[PDB]
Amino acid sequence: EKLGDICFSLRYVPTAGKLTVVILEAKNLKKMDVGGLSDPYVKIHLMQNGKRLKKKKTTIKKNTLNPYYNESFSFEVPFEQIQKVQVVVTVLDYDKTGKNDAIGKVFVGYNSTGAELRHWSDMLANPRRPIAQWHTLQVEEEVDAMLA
């Protein structure tokens, strides 16, 4: 079972030092509780130098593998810092009791790779322009090793 895909936009405003992440949609999500309900939400972490700086999260959508969010989040990242930060995007399954299991995650920014690096580079190259892209979710074990 594939993990699924996440669509989000990035926008950077250098003068104000404002980084905006809009969580748009996820699709094809893996069903986490077999025979149960899939209730996805998205977490965003801002990191620098391997440290978690800020956490935000979306609302929870109920009983879907294809949630639509369209929820915007902004971070204060000055222009002398933006090239060294990471933005981690994780889709999780909400449960009222018990740890919420991650479906998968991706990150953009410093040390990112592939399409995530291209997305981030496009944001940096085009101040003030929102750039939306899809990304394939990856198992947390692998992304977390990159981020540690």
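Position 1 is the first residue in the sequence shown; the rest follow in order.
- For the segment pair 5-13 and 123-131, the entry gives 123-131 the higher mean B-factor, averaged over Cα atoms.
- Higher mean CA temperature factor between 63-71 and 29-37: 29-37, per the PDB entry.
- Of all the options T90, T58, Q48, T113, the entry's greatest CA B-factor is assigned to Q48.
- Among the modelled residues of its chain, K43 has a C-alpha B-factor that falls in the lowest third according to the deposited record.
- Compared with the other modelled residues of the chain, the Cα B-factor recorded for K96 ranks in the highest third.
- Per the PDB record, residue ranking by Cα B-factor puts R118 in the middle third of the chain.
- The deposited CA B-factor of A102 belongs to the highest third of values across its chain.
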